[PDB]
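Below is one structure, written out as structure tokens, with a few remarks after it.
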Protein chains: 2
Amino acid sequence: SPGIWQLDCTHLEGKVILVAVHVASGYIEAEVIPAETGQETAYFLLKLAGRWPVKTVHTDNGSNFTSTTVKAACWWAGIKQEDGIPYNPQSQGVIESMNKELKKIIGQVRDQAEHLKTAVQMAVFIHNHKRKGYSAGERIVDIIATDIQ
Amino acid sequence: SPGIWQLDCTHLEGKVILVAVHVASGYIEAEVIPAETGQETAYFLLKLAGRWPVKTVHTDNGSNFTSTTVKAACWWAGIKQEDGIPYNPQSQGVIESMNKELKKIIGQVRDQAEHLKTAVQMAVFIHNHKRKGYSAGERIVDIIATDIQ
Ligand SMILES: C=CCN(Cc1ccccc1C(=O)NCC1CCC1)Cc1ccc2c(c1C(=O)O)OC[C@H](CCC(=O)O)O2
Ligand SMILES: C=CCN(Cc1ccccc1C(=O)NCC1CCC1)Cc1ccc2c(c1C(=O)O)OC[C@H](CCC(=O)O)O2
Ligand SMILES: [Cl-]
Ligand SMILES: [Cl-]
């Protein structure tokens, strides 16, 4: 569980927001891209895995699961690439709610930036710092530190 | 010191590599940009502070210290923006050595990607995972978790 992440792709303003969620904590990273491609996904995972100890990624769709570019990045970064089938139905709901939450935050900050990417990074900040009490940022660090010890 | 970061800018292939170093751990994040501008620096800090609890940033030069765009991002993200004067001369040496190390790693991976940005992210990965025995990635998480507790 310390090492398990889930990919998630959502759309706004004719652009794609690619999100990785640390399952156990709810901590996220995100970026705006013109379109989801294998190359964009591969690069995003390479970034993520240099920053956090990513053991397993549940891909967001079959195209990213299939993509040899994505598989190559997962190989490079030592990530187990897995499907994203919601064997637990709770997971669909969790991601749906998360996408709705993020879009709400982006709306709340949208006038504070010209570019969507800026607003998305503001939303990442607010999401990760929000106390639910601990924040997602606190939880991911505690979970991983506990694992290291 | 859990919240103290240092900016560092280095050049390769006619491009700029912007680096943030977590001082106590040596953990890094980095990006390739066409040129250092206040806007590029501001966006980079916004990303960083959404991902780690950034309390203080020692800016890499006087232009980024002065920049009202950089100050705006530091205001937004709750970061204390400070100068980067090496009152401790060991700071110069540490950064210079870090730049040399990163460039060495980039060279070792350079043929594994067409684009410099990919090679830089590979270098970030290798640097953060390298055991020196703990890695910088382990050190940052331990330092921050101890602080939360
Ligand atoms: C078909 C993929 C292209 N490329 C093939 C390649 C080209 C030359 C040498 C080796 C390899 C190779 O297969 N290397 C092993 C893989 C394992 C991790 C690298 C690798 C790559 C992937 C994603 C990227 C890249 C790059 C790049 O070549 O730099 O560049 C930035 C781009 C940014 C996101 C965006 O713009 O979509 O994401
Ligand atoms: C002079 C800065 C331009 N901008 C002014 C602005 C424009 C409209 C509304 C508010 C504000 C405003 O001052 N907001 C408060 C600040 C506090 C954090 C945002 C803000 C900004 C900064 C860096 C960026 C941006 C953007 C943007 O407007 O989206 O866009 C992506 C760009 C990517 C890096 C690159 O390409 O250089 O980094
Ligand atoms: Cl945080
Ligand atoms: Cl790591």
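Only heavy atoms go into these numbers, but all of them, side chains included; no hydrogens, no water, no symmetry mates. Order of listing sets the numbers, starting from 1, for every ligand and every atom in it. In what follows, every chain begins at residue 1, and chains take the letters A, B, ... in the order their sequences are listed.
For atom 4 (N) of ligand 2, no protein non-hydrogen atom is found at a distance below 4.0 Å. Within 4.0 Å of atom 14 (N) of ligand 1, at least one protein heavy atom is present. Inside a 4.0 Å radius of atom 34 (C) of ligand 2 there is at least one protein heavy atom.
When atom types are taken as modelled, the side chain of B:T59 and the backbone of B:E82 share a donor-acceptor pair closer than 3.5 angstrom. Between the side chain of B:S91 and the main chain of B:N88, a donor-acceptor pair closer than 3.5 Å is present. At least one donor-acceptor pair under 3.5 Å links the side chain of B:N128 to the backbone N or O of B:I28.
Atoms of ligand 1 lying under 4.0 Å from at least one heavy atom of A:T69, given by number and element, are 1 (C), 2 (C). Contact atoms of ligand 1 toward A:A72: 17 (C) (distance under 4.0 Å to a heavy atom of the residue). Shown in contact with B:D111 at under 4.0 Å from a heavy atom are these atoms of ligand 1, numbered in order with element: 9 (C).
Scanning the protein for heavy atoms near atom 12 (C) of ligand 1, the closest one is B:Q112 O, 3.7 Å. Atom 24 (C) of ligand 1 has its closest protein heavy atom at A:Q39 CG, 3.4 Å. With hydrogens left out, the protein atom closest to atom 8 (C) of ligand 1 is B:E114 N, 3.5 Å, a heavy atom.
Checked for salt-bridge contact, B:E29 and A:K47 miss the test: no charged N lies under 4.0 Å from a carboxylate O. Ion pair A:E13/A:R110 flagged as a salt bridge, since at least one NZ, NE, NH1 or NH2 atom sits closer than 4.0 Å to an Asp/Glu carboxylate oxygen.
Considering only non-hydrogen atoms, atom 19 (C) of ligand 2 lies nearest to A:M122 out of A:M122, A:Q121, B:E40. Summarising the contacts of atom 29 (O) of ligand 2 with A:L116, B:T41, A:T118, A:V120, the nearest heavy atom is found in A:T118.
Polar contact check, B:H115 against ligand 1: a nitrogen or oxygen pair lies under 3.5 Å apart.
Ligand 1 is never approached by A:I33 to a heavy-atom distance shorter than 4.0 Å.
Contact annotation: for A:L46 versus ligand 1, there are no heavy atoms closer than 4.0 Å.
Under the 3.5 Å distance criterion, with hydrogens and angles disregarded, a donor-acceptor pair is assigned to the side chains of B:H22 and B:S25. Looking at A:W75 and A:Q81, their side chains never bring a donor and an acceptor atom within 3.5 Å of each other.
By the 6.0 Å and 45° rule, A:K71 stacks over the aromatic ring of A:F65.
For the side-chain contact (heavy atoms from CB on, under 4.5 Å) test with A:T10, the passing option among A:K103, A:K15, A:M98 is A:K103; the others fail.
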